[PDB]
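Residue numbers (the authors' numbering), protein chains in the order written: chain B, 22 to 268, 270 to 483; chain A, 22 to 268, 270 to 483.
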Ligand SMILES: Cc1cc2nc3c(=O)[nH]c(=O)nc-3n(C[C@H](O)[C@H](O)[C@H](O)COP(=O)(O)OP(=O)(O)OC[C@H]3O[C@@H](n4cnc5c(N)ncnc54)[C@H](O)[C@@H]3O)c2cc1C
Ligand SMILES: Cc1cc2nc3c(=O)[nH]c(=O)nc-3n(C[C@H](O)[C@H](O)[C@H](O)COP(=O)(O)OP(=O)(O)OC[C@H]3O[C@@H](n4cnc5c(N)ncnc54)[C@H](O)[C@@H]3O)c2cc1C
Ligand SMILES: *SC[C@H](NC(=O)CC[C@H](N)C(=O)O)C(=O)NCC(=O)O
Ligand SMILES: *SC[C@H](NC(=O)CC[C@H](N)C(=O)O)C(=O)NCC(=O)O
Ligand SMILES: *[C@@H]1O[C@H](CO)[C@@H](O)[C@H](O)[C@H]1NC(C)=O
Ligand SMILES: *[C@@H]1O[C@H](CO)[C@@H](O)[C@H](O)[C@H]1NC(C)=O
């Protein structure tokens with residue numbers, strides 16, 4: 022009936038926060054409507070990366086013959102086959118095991134877990150409609166709303182329902198021969214890369230001239246250009262204006279430039295996500311912003327006493343590690359030692375990665391943002407363009423592009439943006455240095471590791 | 022016939038130093054007896070990593086079927102083939118191409134290049150026997166000796182001449198079916214990994230219980246154990262006492279414990295390197311240590327006025343980036359602006375990598391060294407053991423092992439030691455942070471990147 026901490030949402034932030042609270046001794050209840058691990062584990066980071074690994078390997082196999090390997094076998098694009106149904110099962114099995122582990126951990130850390138739809142009632146308590154069909158009402162001293170987000174559909178577009186969202190991607194049981202992905206965000210860029218690496222004719226529809234418009238132009242241009250060069254059909258300056266189903271059962275996409283894409287087996291909208299508001303938040307007076315996101319201050323406090331919110335539902339830096347960290351720091355503050363009274367997450371200079379092909383990474387501000395904030399006169403930029411040594415033995419090539427953005431007379435690194443193989447793994451350490459206030463001189467103050475790609479970052483202009 | 026700077030040795034340090042000196046306006050002469058780029062380019066870092074890419078890809082292809090790819094093709098260990106002769110040709114082509122680029126750069130940066138054996142005469146000048154069949158004598162105000170090293174042969178062992186060294190590895194025209202590598206050093210560990218990944222029955226002979234005994238025990242144990250598990254035959258507590266050749271043309275290697283390895287096609291000694299002397303060191307008074315290495319102070323000064331030395335010939339931290347950096351800083355000091363009159367390389371906390379399978383990385387001191395230096399009571403160690411997500415879809419597995427060694431009440435990071443896929447690329451950034459004086463709290467002060475392996479380093483114990 023009554024708890025110290027009740028968490029609505031079994032995702033990245035909810036799970037982390039519940040666990041941290043319980044670690045400090047706090048009768049904690051966690052309510053999840055679907056599966057533990059939320060978006061990341063079930064239809065996000067995890068299954069996307071597994072598919073990424075498959076796509077990545079498909080490409081690598083096409084290099085083997087040149088690398089002198091398996092020369093009696095035709096390891097080329099033409100003979101590429103991918104057993105989508107079987108791989109799908111293994112992927113689902115892995116995700117299912119992770120759910121089990123999560124449920125196991127929460128029980129062992131003494132967090133009570135209930136499955137059902139949670140909602141606020143007028144009294145300020147939480148009604149949970151259970152999966153055993155009962156409906157229980159619970160009370161608590163502290164309540165965290167970490168319900169995450171959900172894909173946006175372009176409901177103004179006739180035929181829009183004929184396509185799915187990223188969740189739909191993960192439900193696909195067969196591989197589409199021809200796929201159209203809409204949106205220049207990282208989710209779409211990643212899915213498009215995966216589809217193409219696995220053999221599907223792949224189309225990516227974007228409003229502007231370049232993908233990944235939230236990132237530095239170096240990332241935008243390199244990924245845009247490489248996607249086009251490798252065979253991903255990028256429709257620039259385009260918006261879908263109508264979708265229809267044929268004789270054949272395939273879709274036909276109608277663009278605003280009057281062009282079209284015919285014989286499409288699958289259409290996926292990846293045009294943003296919105297806050298997953300299903301609770302009775304109105305029943306407790308939780309203020310929403312003009313984008314229907316829950317408002318939260320720097321301590322994750324909503325406007326309502328003893329109600330907190332974080333993660334995608336708030337919508338500030340929508341990444342799994344961020345929610346986890348905010349979740350943990352909130353629990354430190356509410357239930358931890360006195361030294362954590364003012365604990366909060368620093369949301370600036372969070373590094374992030376795009377599992378495109380090639381991968382990309384970014385932390386800090388873009389060159390354009392740096393010029394705006396500090397003025398041209400005070401921005402120094404370092405660039406490096408090269409092809410990794412791995413491609414020396416190959417006719418096919420992939421770009422590596424490193425950009426360091428510096429501000430002030432000490433050349434403080436305010437942005438680091440990279441494109442190329444291994445970027446995902448390279449960035450973390452540099453992230454630690456940048457959070458330490460690293461300058462260009464600091465990057466230069468570590469001897470290089472040879473031969474590597476990362477090495478280029480400590481020996482530029 | 023007279024120069025500002027004469028550099029003996031066209032390798033990592035020599036080339037870097039010559040170019041930096043010439044950049045400042047200095048009539049510079051570079052003398053190389055073989056090929057520009059030295060050990061690294063011709064018989065070191067470069068061709069070893071190219072071969073590494075081959076073995077790495079060979080392993081990767083054996084995971085493709087599991088990853089649902091090319092399932093009509095038998096992509097297993099049993100069907101592995103490697104066209105060693107053809108790949109050798111491409112590898113040499115790439116190296117030859119790098120030689121050309123170096124010659125091009127140097128003559129573009131106004132360094133005179135002469136091929137020949139250089140030696141000091143009694144006058145203190147340098148006579149060079151050329152390929153003109155000429156023999157000129159040159160004088161200079163400043164002389165750098167950067168002649169590198171060479172493999173040690175165990176001349177006390179009968180039949181020792183029946184094996185080669187790492188140079189010989191790169192001369193191999195055909196793949197040996199059964200190969201023996203001797204020594205626990207990083208060069209032999211790498212070569213053993215390559216041989217095994219490419220299908221040869223591989224044997225590694227070591228004096229102790231573990232490989233890589235200069236590194237932290239975590240690296241030693243993990244690589245040792247994985248090599249055994251893999252199928253690399255590691256002969257521990259052993260030493261070769263006799264080598265012989267049969268009828270057959272194959273070798274029989276006799277051990278000190280009365281065991282044997284017969285039908286061996288190739289034997290490679292990788293038991294250390296020694297300074298490559300042979301110039302007229304004696305004619306000029308250059309002092310050598312008890313290991314026959316040239317002595318050099320913190321400014322790379324030998325005991326002789328206007329004669330400097332660095333790189334493998336001195337033998338302090340034998341890596342390409344180190345020689346390059348020392349070469350550059352020397353030129354800054356000798357010919358650069360007033361600013362650099364006390365420029366010198368910091369040889370502490372130089373990061374280094376081992377291209378084993380899996381790769382490993384290390385910077386700073388081992389746990390044992392820390393305890394010895396700071397005392398048990400002041401050392402805290404963080405460990406993390408896990409299998410990368412890539413293996414989730416596979417039956418075969420590979421370990422990832424991260425160790426952070428901390429000293430003092432601020433938990434200053436004094437050692438970072440890692441084993442696992444991507445380690446080579448992960449380490450650099452962390453190296454920058456350690457040279458900044460990173461503490462554990464600093465590692466923790468950057469938000470994680472999910473999903474990656476590096477992530478584990480900023481979220482530990
Ligand atoms: C395709 C895709 C790929 C991504 N890849 C990455 C990546 O590689 N790296 C990364 O850092 N981030 C990635 N993200 C983002 C990441 O998934 C999110 O930032 C993260 O999941 C947010 O966690 P959260 O706790 O805010 O909410 P979520 O993780 O979304 O979990 C919210 C939970 O609340 C539950 N819930 C909602 N309402 C109720 C209710 N009323 N009662 C009970 N339960 C309820 C939902 O079932 C859900 O389980 C990806 C996202 C997507 C969509
Ligand atoms: C198998 C192997 C793998 C390695 N892998 C790596 C790696 O991955 N990363 C890394 O950082 N390091 C690696 N190293 C180490 C690296 O190669 C050396 O540290 C580096 O080459 C040292 O450069 P140097 O300038 O000191 O001498 P070198 O690079 O050895 O060059 C010395 C030059 O001097 C010339 N010379 C000698 N005497 C004379 C003379 N009398 N007249 C004219 N010329 C002369 C030689 O021909 C040679 O070209 C590896 C080494 C080996 C052997
Ligand atoms: S990825 C190569 C880099 N390109 C960019 O940085 C583009 C930046 C935008 N154009 C900006 O916002 O202005 C790069 O290194 N460019 C170097 C160059 O000289 O163009
Ligand atoms: S790679 C795993 C780590 N092992 C070691 O550090 C071995 C060290 C030596 N054998 C030694 O200290 O004698 C590891 O995680 N060790 C954890 C530990 O508690 O030692
Ligand atoms: C189609 O829509 C895009 C996206 O807004 C726009 O840039 C482009 O100009 C439009 N094409 C037309 C109207 O010709
Ligand atoms: C063989 O040599 C190794 C290395 O010195 C030593 O450890 C071992 O004890 C020797 N074995 C015997 C039986 O002498």
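Even for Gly, the Cβ is constructed at its ideal location relative to N, Cα and C.
Status (buried if at least 16 other CB within 10 Å, exposed otherwise) for residue i
{"i": "residue 363 of chain A", "result": "exposed"}
{"i": "residue 8 of chain A", "result": "Because chain A in this structure spans residues 22 to 483, residue 8 of chain A falls outside the shown range and cannot be described."}
{"i": "residue 122 of chain A", "result": "exposed"}
{"i": "residue 237 of chain A", "result": "buried"}
{"i": "residue 465 of chain A", "result": "buried"}
{"i": "residue 408 of chain A", "result": "exposed"}
{"i": "residue 119 of chain A", "result": "buried"}
{"i": "residue 280 of chain A", "result": "exposed"}
{"i": "residue 369 of chain B", "result": "exposed"}
Residue i CB to nearest heavy atom of ligand 5 below 7 Å
{"i": "residue 77 of chain A", "result": "no"}
{"i": "residue 282 of chain B", "result": "no"}
{"i": "residue 260 of chain B", "result": "yes"}
Cross-strand partners of residue i (DSSP beta bridge)
{"i": "residue 122 of chain A", "result": "Residue 122 of chain A is not bridged to any residue."}
{"i": "residue 430 of chain A", "result": "Residue 430 of chain A is not bridged to any residue."}
{"i": "residue 295 of chain B", "result": "B:172"}
{"i": "residue 308 of chain A", "result": "DSSP, once it has assigned bridges, lists no residue as partnering residue 308 of chain A."}
{"i": "residue 53 of chain A", "result": "A:136"}
{"i": "residue 265 of chain B", "result": "B:274"}
{"i": "residue 288 of chain A", "result": "A:200"}
{"i": "residue 40 of chain A", "result": "According to DSSP, residue 40 of chain A bridges with nothing at all."}
{"i": "residue 408 of chain A", "result": "A:422"}
{"i": "residue 472 of chain B", "result": "Partner(s): none; residue 472 of chain B has no beta bridge."}
{"i": "residue 437 of chain A", "result": "A:386, A:427"}
{"i": "residue 150 of chain B", "result": "B:138"}
Ligand 1 heavy atom lying under 7 Å from the CB of residue i
{"i": "residue 227 of chain A", "result": "no"}
{"i": "residue 138 of chain B", "result": "yes"}
{"i": "residue 30 of chain B", "result": "yes"}
{"i": "residue 161 of chain B", "result": "no"}
{"i": "residue 380 of chain B", "result": "no"}
Residue i Cβ short of 7 Å to ligand 2 heavy atom set
{"i": "residue 148 of chain A", "result": "no"}
{"i": "residue 64 of chain A", "result": "yes"}
{"i": "residue 324 of chain A", "result": "no"}
{"i": "residue 335 of chain A", "result": "yes"}
{"i": "residue 239 of chain A", "result": "no"}
{"i": "residue 53 of chain A", "result": "yes"}
{"i": "residue 342 of chain A", "result": "yes"}
Closer than 7 Å: residue i CB and nearest ligand 6 heavy atom
{"i": "residue 177 of chain A", "result": "no"}
{"i": "residue 278 of chain A", "result": "yes"}
Checklist entry - Which of the residues in the segment 83-115 of chain A, read from start to end, lie with their CB under 8 Å from any CB of chain B? => result 84, 85, 88, 89, 90, 91, 92, 93, 94, 96, 100, 101, 102, 103, 104, 105, 107, 108, 111, 112, 115
Next on the checklist: Going residue by residue through the segment 155-226 of chain A, where are the continuous alpha helix (DSSP H) segments of at least 4 residues, counting only ones entirely within it?
Outcome noted: 187-192, 207-218
Checklist entry - If you scan the segment 334-395 of chain B from start to end, which runs of the alpha helix (DSSP H) of 4 or more residues do you find wholly inside it? => result 342-357
Checklist entry - Taking any Cβ of chain A, which residues in the segment 451-468 of chain B have a Cβ under 7 Å from it, in chain order? => result 451, 452, 453, 454, 455, 457, 458, 460, 464, 465, 467, 468
Next on the checklist: For a minimum of 4 consecutive residues, which ranges assigned as the alpha helix (DSSP H) are wholly contained in the segment 71-147 of chain B?
Outcome noted: 105-129
Checklist entry - Residues in the segment 401-421 of chain A with C-beta within 7 Å of chain B's C-beta atoms, listed in sequence order? => result 411, 412, 414, 415
Item to check | the segment 427-442 of chain A: positions lying closer than 8 Å to chain B by Cβ | outcome: none
Next on the checklist: Please identify, using Cβ separations under 9 Å, the residues of the segment 31-65 of chain B that lie next to chain A, in order along the chain.
Outcome noted: 33, 61
Item to check | Members of the segment 324-342 of chain A that neighbour chain B once the beta carbon cut-off is set at 8 Å | outcome: 341, 342
Next on the checklist: What are the residues in the segment 158-180 of chain A lying within 8 Å of chain B by C-beta distance?
Outcome noted: none
Item to check | Under 8 Å (Cβ pairs) to chain A, residues found in the segment 66-81 of chain B | outcome: 66, 67, 70, 71, 74, 75, 78, 79, 81
Item to check | Interfacial residues, the segment 121-132 of chain A to chain B, with Cβ spacing under 9 Å | outcome: none
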